[PDB]
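Trainee: need a 3D model of the sequence below.
(chains A and B, ligands or ions: 2)
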Amino acid sequence: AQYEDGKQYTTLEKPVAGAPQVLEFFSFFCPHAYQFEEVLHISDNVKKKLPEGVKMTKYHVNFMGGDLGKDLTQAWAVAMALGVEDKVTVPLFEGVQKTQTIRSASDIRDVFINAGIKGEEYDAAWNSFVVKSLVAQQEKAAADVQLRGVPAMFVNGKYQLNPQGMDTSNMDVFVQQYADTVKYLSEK
Amino acid sequence: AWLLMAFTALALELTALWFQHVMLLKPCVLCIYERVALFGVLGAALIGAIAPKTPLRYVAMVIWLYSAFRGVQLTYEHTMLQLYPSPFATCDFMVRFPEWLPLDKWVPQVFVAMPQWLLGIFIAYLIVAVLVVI
Ligand SMILES: COC1=C(OC)C(=O)C(CC=C(C)C)=C(C)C1=O
Ligand SMILES: [Zn+2]
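Mentor: Residues are numbered from 1 along each chain as shown, chains lettered A, B, ... in the order given. Ligands and ions are numbered 1, 2, ... in the order given. Right below this line is the structure:
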């Protein structure tokens, strides 16, 4: 009647268990992903339509940045542990893409320093099992939803996101029209 | 036709190729797509409807319909992004064939071991391709 596979979402062919209820991917290099979050804040937006306390997770990925990508991931992974994410997303996007001032593990290190994370406390867990586990939890979460590009989104690990099912001229609209698709798939 | 394309087709297929590997190995997902909006047409545009016989050259005009059409935008878009980004989009490093047309990305991406020209010549090799034929 009015909500379609291959249109605004696609249904995942081989659907993955134990999955996060909703889960996004992104690199700190894809100007698009940068848009997705920097410019349109889509997460925050989407966060808000979601039902009572339904887990909204978010993983970073490797292909873009060879050596650094990984550490960026590992680094990130930390922020997942310390529940710091919210305070580092933005320095990092910026540091990496926009400011072009990030080159090494430490430039990054320093950003956690910068954002209210203690240089030792941010290393205490960096090498911790907590993190290492988490990295893989990602490395493998991509691999599971047979992933090719970013940013990307998937609901209860069943439904990948067709953002082309939607407007491309009006932001204000596309967003809400986006968050909708997600809500819809959260009770399906 | 055949030759004038093949002569040049080769000379640009390989201008990619010849150097693809000498180019060490620059990243690209548009890569294939566009190199396929190439070899998908030229190969089967020589062989197309100018073909093994020349008294039926309209199958190619069709093969030159959906040809550099993509060839145009495949580069067109591709380059539209390169300084001018957009949310409702991606950035990958991956194979795909929505009907099991599979081998194609276990070979030409595989046995591969500057947007400037492409974008324009994908459209340059279009109006001239249409004018003289249609
Ligand atoms: C950015 O990605 C791409 C390339 O870079 C390695 C190419 O060389 C080529 C092919 C190059 C020539 C000169 C035909 C294409 C089509 C492409 O999309
Ligand atoms: Zn903003």
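Trainee: list phi and psi for the closest residue to ligand 1 within chain B.
Mentor: The nearest approach of chain B to ligand 1 comes at residue B:28, 2.8 Å away (C-beta to the nearest ligand atom). No exception for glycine: its C-beta is placed from N, CA and C like everyone else's. When read as degrees, to the nearest 10, the backbone of residue B:28 gives phi 180, psi 130.
Trainee: okay, now it: neighbour count?
Mentor: Per other C-beta atoms under 10 Å in any protein chain shown, the neighbour tally for residue B:28 reads 18.
Trainee: ok, now which ones touch it?
Mentor: By C-beta atoms under 8 Å, 6 or more residues apart in numbering or on different chains, the contact set of residue B:28 is empty.
Trainee: the longest helix in chain B is where?
Mentor: In chain B, taking DSSP state H as the definition, the longest helix is helix B:2-20.
Trainee: contact partners of that one?
Mentor: B:35, B:38-39, B:42-43, B:45-46, B:50, B:112-113, B:121.
Trainee: would you point out the most distant pair within those?
Mentor: B:50 and B:113 (32.7 Å; C-beta to C-beta).
Trainee: where do the helices sit along chain B?
Mentor: So, for chain B - with DSSP H - the helices run B:2-20, B:30-39, B:43-45, B:58-63, B:66-81, B:115-131.
Trainee: okay, the angle between the fifth one and helix B:30-39?
Mentor: Taking axes from the mean of the first three to the mean of the last three C-alpha atoms, to 10 degrees, helix B:66-81 and helix B:30-39 form an angle of 150 degrees between their directions.
Trainee: show me what helix B:66-81 is packed up against.
Mentor: Applying 3 or more C-beta pairs under 8 Å, 6 or more residues apart in numbering or on different chains; DSSP states H and E, one finds that helix B:66-81 makes contact with helix B:30-39, helix B:115-131.
Trainee: state the distance from the residue in chain A that ligand 1 sits nearest to to residue A:31.
Mentor: The nearest approach of chain A to ligand 1 comes at residue A:64, 13.8 Å away (C-beta to the nearest ligand atom). Plainly put, residue A:64 is 11 Å away from residue A:31 if you go by C-beta to C-beta, to the nearest Å.
Trainee: what about residue A:5, neighbour count?
Mentor: Residues near residue A:5, counting by other C-beta under 10 Å, number 11.
Trainee: what's the answer for residue A:23, then?
Mentor: 21.
Trainee: likewise residue B:120?
Mentor: Neighbours of residue B:120 using other C-beta under 10 Å come to 14.
Trainee: about what we covered before: mind listing what's buried in the longest helix of chain B?
Mentor: Neighbour-count burial for helix B:2-20, counted by 16 or more other C-beta atoms under 10 Å in any protein chain shown, picks out B:5-6, B:9, B:12-13, B:16-17, B:20.
Trainee: only C-alpha atoms, please: export that helix in PDB.
Mentor: Once non-C-alpha atoms are left out, helix B:2-20 reads as follows in PDB (Å, rounded to 0.1, in the frame of the first residue of the first chain):
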ATOM      1  CA  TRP B   2      35.200  -1.200 -35.700                       C
ATOM      2  CA  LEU B   3      38.900  -0.200 -36.000                       C
ATOM      3  CA  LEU B   4      38.500   3.600 -35.300                       C
ATOM      4  CA  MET B   5      36.900   2.500 -32.000                       C
ATOM      5  CA  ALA B   6      39.100  -0.600 -31.400                       C
ATOM      6  CA  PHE B   7      42.300   1.300 -32.300                       C
ATOM      7  CA  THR B   8      41.300   4.000 -29.800                       C
ATOM      8  CA  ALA B   9      39.200   1.600 -27.600                       C
ATOM      9  CA  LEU B  10      42.400  -0.500 -27.000                       C
ATOM     10  CA  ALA B  11      44.500   2.700 -26.800                       C
ATOM     11  CA  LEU B  12      42.400   3.900 -23.800                       C
ATOM     12  CA  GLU B  13      41.200   0.500 -22.300                       C
ATOM     13  CA  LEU B  14      44.900   0.000 -22.000                       C
ATOM     14  CA  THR B  15      45.800   3.600 -21.200                       C
ATOM     15  CA  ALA B  16      43.900   2.700 -18.100                       C
ATOM     16  CA  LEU B  17      45.400  -0.800 -18.200                       C
ATOM     17  CA  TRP B  18      49.000  -0.200 -19.400                       C
ATOM     18  CA  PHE B  19      49.400   1.900 -16.300                       C
ATOM     19  CA  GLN B  20      46.700   0.600 -13.900                       C
END
